[PDB]
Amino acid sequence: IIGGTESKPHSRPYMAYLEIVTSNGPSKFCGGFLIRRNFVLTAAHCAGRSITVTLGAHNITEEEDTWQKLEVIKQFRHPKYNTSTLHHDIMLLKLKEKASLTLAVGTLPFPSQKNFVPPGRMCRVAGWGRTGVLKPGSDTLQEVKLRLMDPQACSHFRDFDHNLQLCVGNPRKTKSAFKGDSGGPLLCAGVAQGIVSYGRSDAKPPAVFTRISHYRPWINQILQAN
């Protein structure tokens, strides 16, 4: 998160920290959020050989009683996910066991309404990602408020599409989601409407988020069968 503030500890108890293994390099990290006691929603580009999820964290370098370090048994990547265009960048992780409910850990379910969210309003995003181009991932959970932009503002991303994706962050400001914030939720008035997907290496906003409304049938289909 660039240009944001430190979150009040444990104020977003659905937030998930992901550590992803691949066979030929060191660990990488993403965000995510718990929508059922045994399911986390994140981005498909965060997939790997194996993944561990930490719930209940604020400072990720200091172990505490609120932590729940949970095993993932299966990864469900969207079947049409495209590694070139990055269309359909969404994934569900099934946890081996259900998480415990505490003050620091709980689910964020969707409302029944599935309406399209137009440009103009302010929303909020959170994560442990880098706080600058030459800076490291934050030790504490950070957050920032950003504007939903007209789709023309993301035209330069040649594979962007308005009906699949949100365009997030005023280009006149530095505020933005960045590397390490992948898979985290964008909340508009307390409802999750987007998922951090990608942007520019130099951090100039806006960035591109998956539009959740469009994938609601697929999400329901996975959860019902599992």
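Start at 1 with the first residue shown and count on from there.
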As stated in the PDB record, which stretch has the larger average Cα B-factor, 103-111 or 122-130?
103-111
When the C-alpha temperature factors are averaged for each of 89-97 and 112-120, which stretch ends up with the higher value in the entry?
112-120
Which is it among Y215, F209, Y17, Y14: the one with the largest CA B-factor in the entry?
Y215
Out of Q68, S176, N38, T61, whose C-alpha atom has the biggest B factor in the entry?
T61
Can you tell me whether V196 has a C-alpha B-factor in the lowest, middle or highest third compared with the other modelled residues of the same chain?
lowest
C-alpha B factor of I51, ranked within the chain: lowest, middle or highest third?
middle
C-alpha B factor of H45, ranked within the chain: lowest, middle or highest third?
lowest
Going by what the PDB entry lists, where does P205 fall on CA B-factor within its chain: lowest, middle or highest third?
lowest
Split into thirds by Cα B-factor across the chain's modelled residues, where does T83 land: lowest, middle or highest?
highest
